[PDB]
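A quick write-up on the structure given underneath.
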Ligand SMILES: CC1(C)[C@H](C(=O)Nc2ccccc2-c2ccccc2)[C@@H]1C(=O)O
Ligand SMILES: [Cl-]
Ligand SMILES: [Cl-]
């Protein structure tokens, strides 16, 4: 009974494009990029009232965030950046902005056919991560 209902469920990574370079731009070192780049994370999205929870389990790291749309929160990312995060819903698309050390990256999640498509942008580096229902 929510707009994020399209996103609710368990999703598994099925394809990746340009992710190594996105990780490099975000400050991930060589060894961490090599290991992290092998991973096939899941994405588990749930809603309880106004609280949205996004969990990611993988060999690299398990993470979990809970948030209210529009409200900034602290996040420690899978690659150990300590960031200030705001997530909003803009015309059906979940838009996640992460700010740290004067830098910023945007991760958008959208439903496209049976897929959940994730676009990751840092400066002029864009990566696409495609998920399907688990
Ligand atoms: C882009 C999305 C939404 C998550 C995320 O925050 N990923 C990362 C972002 C920066 C650095 C590393 C990762 C990462 C790499 C491997 C495994 C887990 C996280 C999902 C993903 O599909 O990777
Ligand atoms: Cl590193
Ligand atoms: Cl872990």
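Here Cβ is always computed from backbone atoms with ideal geometry, including for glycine, and neighbour counts include all displayed protein chains. Laboratory data are not the source of any read-out in this text; all were calculated from the coordinates shown.
Numerical summary
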quantity	calculated
Boolean, residue 52 is within 16 Å of ligand 3 (Cβ to nearest atom), surrounded by 15 or more Cβ atoms within 10 Å (Cβ to Cβ), without any contact (Cβ under 8 Å) to a residue 60 or more places away in the chain and closer than 24 Å to residue 112 by Cα	no
Matching residues, the stretch 88-105, being away from ligand 1 (no atom under 11 Å from the Cβ), closer than 24 Å to residue 3 by Cβ and in contact with a strand residue (DSSP E or B) (Cβ under 8 Å, 6 or more places away or on another chain)	88, 89, 92, 93, 95, 97
Pick from the stretch 60-97, criterion in a strand (DSSP E or B) and within 22 Å of residue 34 (Cβ to Cβ), ranking: farthest from ligand 3 (Cβ to nearest atom)	76
Filtered residues of the stretch 5-36 (kept if part of a helix (DSSP H, G or I), near ligand 2 (Cβ under 9 Å from one of its atoms) and exposed (fewer than 15 other Cβ atoms within 10 Å of the Cβ))	30, 31
Any hit, the stretch 96-106, residues being buried (at least 16 other Cβ atoms within 10 Å of the Cβ), over 15 Å from the mean Cα position of the chain (by Cα) and closer than 23 Å to residue 24 by Cα	yes
